[PDB]
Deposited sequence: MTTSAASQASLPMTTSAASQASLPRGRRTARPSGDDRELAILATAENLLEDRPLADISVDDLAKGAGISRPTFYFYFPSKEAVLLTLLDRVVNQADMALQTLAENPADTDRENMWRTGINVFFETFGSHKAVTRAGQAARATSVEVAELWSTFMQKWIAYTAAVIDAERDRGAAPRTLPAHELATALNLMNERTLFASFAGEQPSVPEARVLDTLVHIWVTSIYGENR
């Protein structure tokens, strides 16, 4: 029933913005009354927050699975691909979740927390690559990590929403891997 509210919201968000989805459409879709909805979620905005929180955590867990477990270009491609596949499978939640950063402090703070985590892990892997002699000591690892992660956030999300301008979705993984591998390994 919680699940049916979440699935209904994900479905309707594929059609239209969260401003055009009412608690009645979410209730209707989950086969419950509007007061019954209020027992599971305080708002349609909390439904979006929860949807976003699962996509982010699904991306984070898939990155942890890689971390616990090739050539350097393929190492980076597999990591970036976790975010391409995870967000790319949940485009309506990606789009809605990004738009809510402007209006929800909880969505802004959720996004900020996982970006800080994914930057810190990028920096740790760049540092390990520098310690093993594979990557040169160029920029501060954490500053290079930050720019590469903000690049991916902006570029993946533009490609997914078909923005003008954007890298076509079928070219965006290759585009990002090239810039990551050349900026991490290049002198």
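In this chain, the deposited residues that lack C-alpha positions fall in the ranges 1 to 36, 106 to 108, 227 to 228.
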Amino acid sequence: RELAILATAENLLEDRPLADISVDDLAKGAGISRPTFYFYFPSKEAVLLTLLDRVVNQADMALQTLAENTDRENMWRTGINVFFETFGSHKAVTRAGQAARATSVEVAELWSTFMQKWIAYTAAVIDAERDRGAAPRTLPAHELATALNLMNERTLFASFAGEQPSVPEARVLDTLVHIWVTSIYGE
From here on, numbers count along this sequence of modelled residues.
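In this entry, 101 to 109 shows the higher mean Cα temperature factor of the pair 101 to 109 and 83 to 91. A summary of the deposited B-factors shows that, of 38 to 46 and 152 to 160, the stretch with the larger mean C-alpha value is 38 to 46. Annotation for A62, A120, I32, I126: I32 ranks highest, by Cα B-factor.
In the PDB entry, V172 places in the lowest third of its chain by CA B-factor. When the modelled residues of the chain are ordered by their C-alpha B factor, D131 lands in the highest third. Per-chain ranking of the deposited C-alpha B factor places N69 in the highest third. Among all modelled residues in its chain, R54 ranks in the middle third by Cα B-factor. In the deposited entry, the Cα temperature factor of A9 places it in the middle third of its chain's modelled residues.
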